Amino acid sequence: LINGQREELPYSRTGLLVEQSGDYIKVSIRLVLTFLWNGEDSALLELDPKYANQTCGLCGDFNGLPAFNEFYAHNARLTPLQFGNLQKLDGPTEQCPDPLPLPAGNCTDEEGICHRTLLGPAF
Amino acid sequence: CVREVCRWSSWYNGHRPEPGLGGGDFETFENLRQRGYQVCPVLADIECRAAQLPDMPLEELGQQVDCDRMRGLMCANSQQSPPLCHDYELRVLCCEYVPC
Ligand SMILES: *[C@@H]1O[C@H](CO)[C@@H](O)[C@H](O)[C@H]1NC(C)=O
Ligand SMILES: [Ca+2]
Ligand SMILES: [Ca+2]
């Protein structure tokens with residue numbers, strides 16, 4: 001939907017172009033952003049360098065320091081559940097809950113498939 | 001013959017609210033189903049309360065809690081001053097139909 005109207009891919013205008021390119025739907029706004037969306041799970045944002053330090057969201061602060069500035073709100077270090085819940089936004093008439101922590105893990109990489117592939121020659 | 005037989009449930013405190021801004025208590029029927037707590041598909045009324053203060057009612061607390069028969073109970077830290085919640089729990093009412 002572009003400004004409330006359905007459009008047929010690709011839709012192109014000055015600065016903006018949206019396409020069914022490849023396996024995804026890609027929205028590129030020139031000098032602003034690149035948004036890839038496979039349509040089922042993945043979704044990837046490329047941002048200009050000029051938005052360094054001026055962004056905030058699940059994608060982080062874009063200041064370049066990974067381990068010190070994302071999860072420290074009012075000097076208190078917080079957790080992925082907390083960080084993902086701070087960046088929340090309900091609908092006008094919606095009260096979505098907060099998902100509760102999942103219990104401990106199991107399985108692990110028994111057959112080594114993740115270690116066989118990820119650590120394999122391909123990468 | 002068939003007559004409705006109905007009764008209350010027990011108390012369900014499946015979470016301990018977390019200090020901070022995004023914290024609080026989120027006691028939802030879907031979470032109750034996931035955690036293994038028995039959730040009746042059909043109900044008539046449910047009752048919420050604070051687990052640590054089992055006398056003074058919800059409105060006497062004055063905190064912002066939404067507690068409804070279709071969803072459950074939710075208290076968010078950021079909506080209250082101080083930005084915190086109490087440790088709440090709730091119970092539900094289950095009614096079936098038994099032959100006379
Ligand atoms: C990044 O943002 C922090 C937040 O206040 C600021 O203190 C710092 O000077 C900024 N640095 C750059 C390089 O933008
Ligand atoms: Ca950072
Ligand atoms: Ca609780």
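Throughout, read-outs are computed from the coordinates displayed, never taken from laboratory work. Positions of Cβ are backbone-derived with ideal geometry, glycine not excepted, and every protein chain shown enters the neighbour counts.
Remark on B:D87: its backbone amide H falls under 5 Å from those of B:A51, B:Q52, a criterion applied only to residues 5 or more positions apart or on other chains, H modelled at 1.01 Å from N.
For chain A, taking the reciprocal of the average inverse distance between every pair of different Cα atoms yields a Kirkwood hydrodynamic radius of 18.7 Å.
Using 19 Å as the cut-off for backbone N distance, which residues of region A:1-41 belong to the label zone defined by a point 7 Å from the Cα of A:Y51 along Cα→Cβ? Answer for this model: A:1-3, A:13-19, A:25-39.
FRET efficiency for A:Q20 and B:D55, Cβ-Cβ distance as r, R0 = 45 Å, nearest 0.05? Result of the calculation: an efficiency of 0.15. So if I take the centroid of the Cα atoms in region A:45-63 and the same for region A:88-120, what is the distance between those two points in Å? Between the Cα centres of region A:45-63 and region A:88-120 lies a distance of 23 Å. When the Cα positions of B:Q79, A:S21, A:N85 are compared along the charge dipole of the protein assembly as shown, A:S21 comes out farthest toward the positive end, with charges on each C-beta of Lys, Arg, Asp and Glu. Exposure here means at most 14 other Cβ atoms within 10 Å; with trypsin sites (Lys or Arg not before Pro) in a DSSP loop as sites, the longest stretch of chain A lacking them is A:31-87.
Given springs between every Cα pair under 10 Å in a Gaussian network model of chain A, which of A:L65, A:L33, A:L89 has the largest fluctuation? Its mean-square fluctuation being the largest, the pick is A:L89. Fully extending the segment from A:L44 to A:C114 would add 23.0 nm, taking 0.36 nm per residue of separation and subtracting the current Cα-Cα distance. Each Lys and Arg Cβ is given +1 and each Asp and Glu Cβ -1; about its Cα centre, chain A then shows a dipole of about 460 debye.
For region A:37-96, which GluC sites (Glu not before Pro) are in a loop by DSSP, counting at most 14 other Cβ atoms within 10 Å?
Values: sites: A:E40, A:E46, A:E70, A:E94; in loops: A:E40, A:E70, A:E94.
In loop regions of region A:37-96 (DSSP not H, G, I, E or B), the sparsely surrounded GluC sites (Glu not before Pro) are A:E40, A:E94.
Just round it to a whole percent: the fraction of Cα-Cα distances in chain B exceeding 17 Å. Working shown, then result.
Working: 2664 of 4950 pairs.
Result: 54 percent of Cα pairs exceed 17 Å.
Set the Förster radius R0 to 30 Å, insert the Cβ-Cβ distance between B:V98 and B:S10 as r into 1/(1 + (r/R0)^6), and round the FRET efficiency to 0.05. Could you put the intermediate results ahead of the total?
On the way: r = 21 Å, r/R0 = 0.69.
In this case the efficiency is close to 0.90.
Which net charge results when you count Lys and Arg as +1 and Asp and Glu as -1 among the other residues whose beta-carbon is under 12 Å from that of B:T28? Result for the neighbourhood of B:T28: -3. Taking every residue in B:14-24 and counting other chain Cβ atoms within 10 Å of its Cβ, the average works out to 5. Peptide A:75-83 has a mean shielding of 3, counted as Cβ atoms of other protein chains within 10 Å of each residue's Cβ. Each residue, A:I2 and B:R71, gets one label point 7 Å from its Cα in the Cβ direction; the gap between the two is 3.6 nm.
Once you reduce region A:20-38 and region B:32-100 to the center of their Cα atoms, the two points are 44 Å from each other.
Here the sum of -39500 (n - 2.57) over DSSP H runs of 4 or more residues, divided by the residues of chain B, equals -2500 deg cm²/dmol at 222 nm, to the nearest 500. Over chain A, dividing the summed -39,500 (n - 2.57) contributions of all DSSP H runs of at least 4 residues by the number of residues returns a 222 nm mean residue ellipticity of -3000 deg cm²/dmol. Charge dipole of chain B (Cα centre as origin; +1 on each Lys and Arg Cβ, -1 on each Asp and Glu Cβ, all else neutral): 360 debye, rounded to the nearest 20.
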